[PDB]
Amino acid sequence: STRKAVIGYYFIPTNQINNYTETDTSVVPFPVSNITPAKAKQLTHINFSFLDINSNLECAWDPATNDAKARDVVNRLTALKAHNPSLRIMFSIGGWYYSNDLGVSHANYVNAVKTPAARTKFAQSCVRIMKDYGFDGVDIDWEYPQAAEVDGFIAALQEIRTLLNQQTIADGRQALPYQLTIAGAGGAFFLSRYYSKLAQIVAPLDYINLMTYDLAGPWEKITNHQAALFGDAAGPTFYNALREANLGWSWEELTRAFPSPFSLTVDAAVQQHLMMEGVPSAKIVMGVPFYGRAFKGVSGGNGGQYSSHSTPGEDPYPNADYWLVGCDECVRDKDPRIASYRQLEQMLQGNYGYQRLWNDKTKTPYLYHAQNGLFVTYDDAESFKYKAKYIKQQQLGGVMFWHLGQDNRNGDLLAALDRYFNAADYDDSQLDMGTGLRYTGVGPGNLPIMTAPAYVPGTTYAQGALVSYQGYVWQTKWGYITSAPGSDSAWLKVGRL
């Protein structure tokens, strides 16, 4: 009965705001007018991106920004709300460029959350910016607070949330109350910086939007799918950094939660979240990419999957060889490594040499260019069927995606997601989810329902014995135990009544 959220980033850079126009796509490729009223109906949230934190340790626009043209752009977005009384125009603070460990504004993120007074000043600047520009809530996209900073970051979300609540009461906005989201890490390495405090991070949020993409990159040594839903045994596996987080769990508890190595996948990151106590399924939103990542230098035999490769990893892209054949946007943006779905469709349709292939374990598509040795990992309306069924089945809150201008012109990716959740005539009850590798970790937050005979005092239990006691089902870790379950370390809690 609750509508799945559908959260779409709208990114526009300072130069384009300052030269804003809706009638010249070589100045602004994706102007607000491209968000038609039928698109506005399919979205629950649009994430205007990106604001920053300045050296005053306040949320601010980039200072080169033309303020009147910024307001004009935001007003066109907030005007969309007339087609959809559920729709929110959020704004987003951060992104990779601003907030990465080596980003130009990084120190500001660190310092803004560092003390109580600085959090109060930061928090106030967020709401004040929200109210002044007419936005409907705040999304924080710091990539990423480190374990030392995370208590500051949490405090900062708490205080912002208090100020959003005051503000909803002052504006009478209980029918569409002001909201707080974050863009969360979607792979265990980054996730491990804050994983041990996930319940605290998510509690003040309406949603944690997982970046369950960018899970392969030039930075890995072997090509892979950047957003595989489930795992492929023929693909690479990785060290599970969460087994080293500061959780205070036992070896058995750690081992059962965090198999290692493991398959880097959407499913994995979602289960990683569900394992933790006090992270509800309904606040978890699955990110999907509206773009592919492209590799060169590959030798297939397997469609260019799981191949060594020669893709530069530097930033900026370090030369002018735009090798991604038929990628015109790539030339425009001076980087062949990232191609929008809108462009990939045109590459596949033209005579550029690609085949579209499908991995039935990962439930994701891929292009392969056999004559030049290219491999592209992307998502389409077909991969979205499986991800949408997963969202419904796992009782997740919705889907988030980056970014709106990467949809094709007709908006088919977005229409597909709206349809899989909301169309009466769409049936996925027979959609086969396949036999790819599921992440099987179990933690305190996702214990299965189980039954077992009642624990009996005096009985000598062997290894593996299952009993039920004080609301749970417990298993002995070795034999022969006679202790009451929960009273010492012999018993592992494995399930709930």
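Numbers for residues come from their place in the sequence shown, where the first is 1.
For the pair 397-405 and 313-321, the mean B factor over Cα atoms is greater in 313-321. Higher mean CA temperature factor, per the PDB entry, when comparing 216-224 with 242-250: 216-224. Per the deposited record, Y133 carries the highest C-alpha B-factor of all listed residues (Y354, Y291, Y386, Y133). Of the candidates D379, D335, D425, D267, it is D425 whose Cα B-factor is highest according to the PDB record. The entry lists a Cα temperature factor for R128 that places it in the lowest third of the chain's modelled residues. Per the PDB record, residue ranking by Cα B-factor puts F11 in the middle third of the chain. The PDB entry assigns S263 a C-alpha temperature factor belonging to the middle third of its chain's modelled residues. Among all modelled residues in this chain, the alpha-carbon of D432 has a temperature factor (C-alpha) in the highest third. In the deposited entry, the Cα temperature factor of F50 places it in the lowest third of its chain's modelled residues.
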